[PDB]
Amino acid sequence: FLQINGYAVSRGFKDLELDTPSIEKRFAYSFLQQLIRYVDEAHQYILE
Amino acid sequence: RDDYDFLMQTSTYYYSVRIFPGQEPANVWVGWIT
Amino acid sequence: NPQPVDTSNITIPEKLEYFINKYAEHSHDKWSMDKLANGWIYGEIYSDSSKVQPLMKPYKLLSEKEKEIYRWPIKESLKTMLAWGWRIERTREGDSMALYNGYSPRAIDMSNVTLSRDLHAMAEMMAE
Amino acid sequence: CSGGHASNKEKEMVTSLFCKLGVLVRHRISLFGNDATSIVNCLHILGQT
Amino acid sequence: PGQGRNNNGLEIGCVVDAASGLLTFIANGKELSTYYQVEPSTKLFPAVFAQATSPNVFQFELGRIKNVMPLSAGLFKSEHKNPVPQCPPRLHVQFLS
């Protein structure tokens, strides 16, 4: 009926912007980054 | 009531198209083609 | 836990109120033909056991209470819809329709008309 | 050919991970409790990648 | 009028004057402004172009209106004087492919 009377209801909030050009949000990016954090932490761990 | 003699002498022909409710009629075109 | 989204804070608008009035007209209409199909007898006295009732009168004629008992659930319905933040826009052709404002009282083939997928998801979340 | 290759920074950071893992494994096979072979295979597949 | 398809199914009625080549259309009982004039000896095929937005798309009705003889009379030579509408098996829907 909303469609019948032509009222369009939309999402509660439209997305403001997606930082797709910035590669920091790549799944490989964050995963490999945490991989490096743990590698460095374990490296100084084994240095101790 | 239409005149039977008029129906006999006339040449105008008719058909119709019922767009079922809910079918967006802007997406529906009716007419003749060659 | 059975809790909905509370929405008591928002107020209903009037351009939405015209749509609410039309949909309450539709609600009354389908209720009336439900009574016709069931076979409720037309009579001033209202007796469920005798199946008699006088409420087959048109929506504009219809009792304001009955109009109100349609409008109320409609009011909290659009109220929760706005609580979800969903913005509602009246099209210009729809506005022209309100401006313009045998005779068979016919319902609308809800099943035949179709809905978009995002609105389907909205229908599912409001249903839950 | 479908698409979705690693970025230049992805490649940089993978290579840095390789270097630091090699530093980690350098002279620590005895420190690793027979898992040194697991790290050896890890650095291996890292080399082929 | 607007929302004619809403309350009831919309009815577009096509009338062709084979003696003069005038093609006119009536929607909801009133004749629409758009009209066509065709040259003599033209063969016109009834046609509907539709993008389906519903399980049920449309319906060809081979009925007749006041002072207009139905489509089967024009199509078939045997029924050139038969006011009764007909849908013989020869008539069938064909889709572009």
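Structure determination for this PDB entry was carried out by cryo-EM, with a resolution of 3.53 Å recorded in the header.

In the annotation of the PDB entry, chain E is listed under the name Ryanodine receptor 2 and assigned to Homo sapiens.

**What about the interface of chain B and chain E?**
Facing the 31 residues of chain B at the interface are 50 residues of chain E. Both faces considered, chain B and chain E share a buried interface measuring about 4,200 Å² in area, 59% of it formed by carbon and sulfur atoms. Here chain B and chain E share four salt bridges between them. Residues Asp2(B) and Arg64(E) are paired through a salt bridge, measuring 2.2 Å at the closest nitrogen-oxygen approach. Where chain B packs against chain E, one counts 24 residue pairs in polar contact. Counting only elements with at least two residues in the side of chain B that touches chain E, the list comes to α1 (4–9), β1 (12–19) and β2 (28–33) of chain B. Counted by class, the side of chain B that touches chain E contains 17 nonpolar, nine polar and five charged residues. Note that β1(B) and strand β1 (residues 10–17) of chain E share eight bridges and pair antiparallel. Among the inter-strand pairings, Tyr15(B) is bridged to a residue of β1(E), identified as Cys14(E).

**Overview of the side chain of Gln3(E)**
Checked against the element boundaries, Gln3(E) lands in the segment before α1 (4–7). Polar contacts involving the side chain of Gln3(E) include one to the main-chain carbonyl oxygen of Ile4(A), which spans 2.7 Å. Here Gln3(E) is in contact with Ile4(A), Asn5(A), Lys22(C) and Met97(C), once residues within four sequence places are set aside.

**A look at the pairing of β1(B)**
Put simply, side chains in a regular strand alternate between the two faces of the sheet. β1(B) sits mainly inside the fold: seven of its eight residues count as buried. For β1(B) and strand β5 (residues 58–61) of chain E, the ladder comprises four bridges, and the chain directions are antiparallel. Within β5(E), the position partnered with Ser16(B) by the bridge is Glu61(E).

**Remarks on unusual backbone geometry**
Look at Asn34(D): it is not a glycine, yet its phi comes out positive at around 70 degrees. When its relative accessible area of 73% is taken as the criterion, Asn34(D) is described as exposed. Of note, the phi angle at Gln3(E) is positive, near 55 degrees, even though the residue is not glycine.

How each quantity is defined
- Here every chain is numbered from 1 following its written sequence, which may not line up with the entry's numbers; residues without coordinates are dropped from view.
- Here chains are named by letter from A upward and ligands by number from 1 upward, in the order in which they appear as written.
- Just a portion of a larger assembly is displayed, and each value is taken over that portion.
- Computation of side-chain values: all heavy atoms of the structure, hydrogens and water removed.
- We call two residues in contact when some of their heavy atoms are within 4.5 Å.
- Throughout, buried area stands for the accessible area (probe radius 1.4 Å) lost by two parts on being put together, summed over both.
- A pair is scored as a salt bridge if a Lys or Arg side-chain nitrogen falls within 4 Å of a carboxyl oxygen belonging to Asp or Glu.
- Polar contact criterion, stated in full: a pair of N or O atoms within 3.5 Å, where within protein one must be able to donate a hydrogen and the other to accept it, and residues adjacent in sequence count only if both atoms are side-chain atoms.
- Counting from the N terminus, the helices are DSSP H or I runs at least four residues long and the strands are E runs at least two residues long.
- Side-chain classes are defined by residue name, with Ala, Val, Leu, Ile, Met, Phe, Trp, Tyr, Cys and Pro counting as nonpolar, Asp, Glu, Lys and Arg as charged, and the others, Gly among them, as polar.
- Between any two strands, at least two bridges found by DSSP are needed for them to pair.
- Throughout, exposure labels follow a simple rule: accessible area from a 1.4 Å probe, protein chains only, divided by the maximum for the residue type, with under 20% read as buried, over 50% as exposed, and the rest as partly exposed.

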